[PDB]
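>>> Turn this into a model:
(3 chains)
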Amino acid sequence: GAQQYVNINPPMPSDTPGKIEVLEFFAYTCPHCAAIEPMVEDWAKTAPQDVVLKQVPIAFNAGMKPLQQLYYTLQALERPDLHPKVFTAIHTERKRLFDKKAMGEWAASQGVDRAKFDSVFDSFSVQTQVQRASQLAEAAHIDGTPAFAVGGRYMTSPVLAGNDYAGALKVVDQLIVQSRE
Amino acid sequence: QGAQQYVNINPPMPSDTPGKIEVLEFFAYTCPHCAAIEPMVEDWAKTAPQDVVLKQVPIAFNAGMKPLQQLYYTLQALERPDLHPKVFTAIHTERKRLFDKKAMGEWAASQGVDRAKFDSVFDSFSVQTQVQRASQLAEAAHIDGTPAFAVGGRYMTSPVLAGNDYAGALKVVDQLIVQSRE
Amino acid sequence: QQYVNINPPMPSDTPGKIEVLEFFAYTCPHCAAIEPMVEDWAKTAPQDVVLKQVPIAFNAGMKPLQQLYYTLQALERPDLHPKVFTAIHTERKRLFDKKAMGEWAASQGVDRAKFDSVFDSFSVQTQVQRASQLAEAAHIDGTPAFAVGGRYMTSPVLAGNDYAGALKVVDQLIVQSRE
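Residues are numbered from 1 along each chain as shown, chains lettered A, B, ... in the order given. The structure is reproduced below:
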């Protein structure tokens, strides 16, 4: 087995388009996801026009579920600008945004109404998205974070792409040209 | 391209080598990425700037990794730096489980190290002291993953912040998009 | 980009050809994984390029596998080389000792006594020594590893990362601080 990914069987559903969907499974607590967030955002700006990026928050343990809720609350609140902010506050600023109370405090700090945040954070719509989220994470057999799902048929990750067999031969080829000269 | 590249370290860390700009590589023997980059770091150090010194610092994100910190300093104390890179090979290629003193000592003895000597140095206060300092250094630099580099006590960079995933997963994602379009 | 220099560079014993060495171990699942690709690659390589596969041993327990490699080549049964990988990793056959190895070869048309004699021949012993010597000179730390022109070393793991980039940042940061 030399491939740098695995097939998702049975394949996952679509998003009614003709758009190749890419899913980035992340977690606000994951330093790797934090480090890569700006790369992913930048990548999305130049992605092929028939491709859509969907970032899905995951929870490997009960304590992570609130991080999922947070993600959706920010989206429903129409403040996607705060999304990358959560990473920075957590990883760069060392802020303990691990429970509703703490998150809400930070949310208000960013200009959000606590009352609205509170209600939206508990909304049945958010609770559903979270289910769907972990649900997708399960259908993808997520090994960790970050993890990527493509077209619902392929799943890859930093670890799965670690060994580049064909790549090594390709480098060997470059080296040959280098020593010949 | 979207890659942070590095981050500032605050407060800045003063060099522990008078007259030298320090480059600290935080690593762990159990880390696949550290094992993979070791020969490149070593090669890199051979041509490094004269006013620069490289130091390798074993980190521990949990207690169970502490023995691995102790191992790094013990080999240096025993003056067998030659075994340092071999540790990576043993764990990652020979799949030897050197995660405890007993397993380590056995391995050490297999490499011509006197078991009694190893067992002794491993618990030396010198080693214990350096292990404490390693973790304090890792903390001051807010290291959250390996490998990681602290430069001039002012910056912290890592392959991940430098865009390492563009050669891996992200490269595979672009390739997977093409394949699903087929 | 993703490669390490071999210091000092190894002398060439193939004038007029760029030598590529693949350090492998039959027990290595990654070497098993890439073997098919390496052979395909060899068929189309540049005419002034030559590939040599070198069995490596990190511990004593791995020497028999080196012996096996040179024994199959001495028996002129290169066809059995790729089969060792699949036999071990796909078929799960425990080909880890001369006896198990001889038996396995016997079922492939090889004269069992000829296998046993070549396996312990002075000739095979010499080549196993040279291999270990080459491994030491190239400072090989894992498998599979590729040495090119006796000067460079790269591998699947390095090719799957941008460690050189990470270090370049370090270089620039060194300059930044010194200011």
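>>> Please name the nearest non-neighbouring residue to the residue in chain A that chain B sits nearest to.
With C-beta to the nearest C-beta as the measure, residue A:42 is the residue of chain A nearest to chain B, at 2.7 Å. No exception for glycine: its C-beta is placed from N, CA and C like everyone else's. Nearest in space to residue A:42, with sequence neighbours left out and distances taken as C-beta to C-beta, 6 or more residues apart in numbering or on different chains, is residue B:2 at 2.7 Å.
>>> burial count for the one you found?
Other residues within reach of residue B:2, judged by other C-beta atoms under 10 Å in any protein chain shown, total 17.
>>> Make sure residue A:35 is actually in contact with residue B:158.
Yes - with contact defined as C-beta atoms under 8 Å, residue A:35 reaches residue B:158; the gap is 7.3 Å.
>>> joint contacts of the two?
Each of residue B:145 lies in contact with both residue A:35 and residue B:158 under the rule C-beta atoms under 8 Å, 6 or more residues apart in numbering or on different chains.
>>> from memory residue A:148 sits against residue A:25, does it?
Yes - A contact is recorded between residue A:148 and residue A:25 when judged using C-beta under 8 Å, the distance being 7.2 Å.
>>> Shouldn't the residue of chain A closest to chain B be within a helix?
Yes - note on residue A:42: a helix contains this position according to DSSP: H, G, I helix; E, B strand; the rest coil.
>>> my guess is it meets residue B:4, correct?
No - because the distance of 10.9 Å does not satisfy C-beta under 8 Å, residue A:42 is recorded as not touching residue B:4.
>>> what's near enough to touch whatever residue of chain A ends up closest to chain C?
The nearest approach of chain A to chain C comes at residue A:179, 2.9 Å away (C-beta to the nearest C-beta). Listed by C-beta under 8 Å, 6+ apart, the contact partners of residue A:179 are C:18, C:148, C:149, C:151, C:152.
>>> same thing but 10 Å
Taking C-beta atoms under 10 Å, 6 or more residues apart in numbering or on different chains, we find residue A:179 in contact with C:9, C:12, C:18, C:19, C:20, C:49, C:148, C:149, C:150, C:151, C:152.
>>> the helices in chain A, which residues?
In order along the chain, chain A carries the following helices (DSSP state H): A:31-46, A:65-76, A:83-87, A:100-109, A:114-122, A:124-139, A:165-180.
>>> ok now the first one, how far from the chain's centre?
Between the centre of helix A:31-46 and the centre of its host chain there is 9 Å, according to C-alpha atoms, centre = their mean, to the nearest Å.
>>> elements contacting that helix?
Helix A:31-46 is packed against strand A:20-26, strand A:51-57, helix A:83-87, helix B:169-181, with contacts defined by 3 or more C-beta pairs under 10 Å, 6 or more residues apart in numbering or on different chains; DSSP states H and E.
>>> May I have the third one exported as CSV, CA atoms only?
Read that as helix A:83-87. Once side chains and other backbone atoms are set aside, the C-alpha atoms of helix A:83-87 remain, and they are given as CSV (Å, rounded to 0.1, in the frame of the first residue of the first chain):
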residue,chain,number,x,y,z
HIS,A,83,-13.7,31.7,13.8
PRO,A,84,-9.9,32.2,13.2
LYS,A,85,-9.9,34.3,16.3
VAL,A,86,-10.8,31.4,18.6
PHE,A,87,-7.5,29.6,17.6
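>>> Mind listing residues that contact it?
Looking at helix A:83-87 with C-beta under 10 Å, 6+ apart, the contacting residues turn out to be A:26, A:28-31, A:33-38, A:40-41, A:55, A:57, A:67, A:70-71, A:74-75, A:79, A:93, A:95, A:97, A:103, A:106-107, A:110.
>>> Quick one: distance of stretch A:142-156 to the chain centre.
Taking mean C-alpha positions (C-alpha atoms, centre = their mean), stretch A:142-156 and its chain are 10 Å apart.
>>> Quick one: end-to-end distance for it.
9 Å (C-alpha to C-alpha, to the nearest Å).
>>> Now do the contacts for the residue of chain A closest to chain B.
With contacts defined as C-beta under 10 Å, 6+ apart, residue A:42 is in contact with B:1, B:2, B:3.
>>> Next: residue A:58.
Applying C-beta under 10 Å, 6+ apart to residue A:58 gives the contacts A:25-27, A:30, A:33, A:64-65, A:67-68, A:71, A:130, A:133-134, A:136-138, A:140, A:142, A:144-145, A:147.
>>> Let's see that with 6 Å instead.
With contacts defined as C-beta atoms under 6 Å, 6 or more residues apart in numbering or on different chains, residue A:58 is in contact with A:25, A:27, A:137.
>>> With residue A:56 instead?
Neighbouring residues of residue A:56 by C-beta under 6 Å, 6+ apart: A:23, A:25, A:133, A:136.
>>> State the pair within the residues you listed that is farthest apart.
Using C-beta to C-beta, these reach their maximum pairwise distance at A:23 and A:133, which is 9.8 Å.
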